[PDB]
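Notes to accompany the following structure.
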Amino acid sequence: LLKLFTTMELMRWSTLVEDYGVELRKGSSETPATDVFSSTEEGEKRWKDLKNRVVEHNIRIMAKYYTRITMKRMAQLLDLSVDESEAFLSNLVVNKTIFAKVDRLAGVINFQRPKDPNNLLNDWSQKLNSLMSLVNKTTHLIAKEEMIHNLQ
Amino acid sequence: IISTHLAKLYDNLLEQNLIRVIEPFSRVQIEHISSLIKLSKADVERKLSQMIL
Numbered sequence: 305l306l307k308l309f310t311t312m313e314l315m316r317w318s319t320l321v322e323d324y325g326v327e328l329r330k331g332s333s334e335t336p337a338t339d340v341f342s343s344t345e346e347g348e349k350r351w352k353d354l355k356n357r358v359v360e361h362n363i364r365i366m367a368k369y370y371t372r373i374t375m376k377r378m379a380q381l382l383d384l385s386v387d388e389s390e391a392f393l394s395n396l397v398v399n400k401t402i403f404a405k406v407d408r409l410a411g412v413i414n415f416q417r418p419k420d421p422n423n424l425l426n427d428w429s430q431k432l433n434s435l436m437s438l439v440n441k442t443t444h445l446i447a448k449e450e451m452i453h454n455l456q
Numbered sequence: 318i319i320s321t322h323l324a325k326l327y328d329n330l331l332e333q334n335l336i337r338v339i340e341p342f343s344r345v346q347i348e349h350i351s352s353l354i355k356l357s358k359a360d361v362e363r364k365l366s367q368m369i370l
């Protein structure tokens, strides 16, 4: 239960409903102070609410990794229908937790900031500033390193 | 006095409600936004048309 939730690696809703269902849903215990998981009366609703949560986690993880994803491809991933996925994205975008651009025609989802050619050049400028710092440092390690031939 | 007041109230409501549906950008279909916004098909087209200008 902990492990799937903790990884930002892909999960699929369905696998989870069965996996958790056997082990976790049971929620046996002796204390009267907790027996809540899905065994209790509000517990039933809590499992219903879990569909929404899992699918939303899939959206966050995909937002970072992917920059552009095909629409078709994202619905499989989330475990949602074509209409549902496009719809679920707008609600999230207005609410502000991920930023997607939704084509209601099933075309593409862009988790990027709006592309400019200009944008890309700037990202390289920063990398360049780092790249120079690394090259100056490295030269030094070379001089000590050349001296030795007794440690090979 | 009443009419004017009601009118100002109408232009503001219309703008607030639109921002939520539109927000993904790109090519949202007039029809999907229409459903979410809580508007009719004929009304949404006209409201959007005024708004571009």
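Note that the protein sequences, when read in sequence, are chains P and Q.
Following the authors' numbering, the numbering of the first sequence begins with 305 at its first residue and continues without gaps.
Following the authors' numbering, the numbering of the second sequence begins with 318 at its first residue and continues without gaps.
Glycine is no exception: its CB is placed at the ideal position from the N, C-alpha and C atoms.
The alpha helix (DSSP H) enclosing residue i, as first and last residue numbers
i, result
"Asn422(P)", "421-451"
"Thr321(Q)", "319-339"
"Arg377(P)", "375-382"
"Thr311(P)", "Careful: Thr311(P) lies outside any alpha helix (DSSP H) and carries neither H nor E."
"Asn395(P)", "386-399"
"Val326(P)", "317-327"
"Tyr369(P)", "347-369"
"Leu353(Q)", "347-354"
"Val340(P)", "It is not in any alpha helix (DSSP H) - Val340(P) carries neither H nor E in the DSSP assignment."
"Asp360(Q)", "358-369"
Buried or exposed (CB count within 10 angstroms, at least 16 for buried), residue i
i, result
"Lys355(Q)", "exposed"
"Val338(Q)", "buried"
"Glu345(P)", "exposed"
"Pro336(P)", "exposed"
"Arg364(P)", "exposed"
"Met315(P)", "buried"
"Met368(Q)", "exposed"
"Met312(P)", "exposed"
Residue closest to residue i, alpha-carbon to alpha-carbon, out of the options
i, options, result
"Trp351(P)", "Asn362(P), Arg329(P), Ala337(P), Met366(P)", "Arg329(P)"
"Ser366(Q)", "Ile319(Q), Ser352(Q), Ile347(Q)", "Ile347(Q)"
"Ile336(Q)", "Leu323(Q), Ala324(Q), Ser351(Q)", "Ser351(Q)"
"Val345(Q)", "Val439(P), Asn440(P), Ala391(P)", "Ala391(P)"
"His349(Q)", "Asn426(P), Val439(P), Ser389(P)", "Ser389(P)"
Alpha-carbon spacing of residue i relative to residue j, whole angstroms
i, j, result
"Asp420(P)", "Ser343(Q)", "15 Å"
"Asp383(P)", "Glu332(Q)", "34 Å"
"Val326(P)", "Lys368(P)", "32 Å"
"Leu424(P)", "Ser437(P)", "21 Å"
"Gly331(P)", "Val321(P)", "15 Å"
"residue 526(P)", "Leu308(P)", "Absent from the structure is residue 526(P), since the part of chain P shown begins at 305 and ends at 456."
Host beta strand (DSSP E) of residue i (start-end)
i, result
"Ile413(P)", "412-414"
- Message: Count Cβ pairs between the region 406-417 of chain P and the region 361-375 of chain P that sit closer than 8 Å; are there 3 or more?
- Response: yes
- Message: Pairs of beta-carbons, one from the region 345-361 of chain Q and one from the region 429-437 of chain P, closer than 8 Å: are there three or more?
- Response: no
- Message: Assess contact between the region 436-456 of chain P and the region 392-404 of chain P, defined as three or more Cβ pairs (one per stretch) separated by less than 8 Å. Is contact present?
- Response: Because the criterion of three Cβ pairs below 8 Å is not met, the region 436-456 of chain P and the region 392-404 of chain P do not touch.
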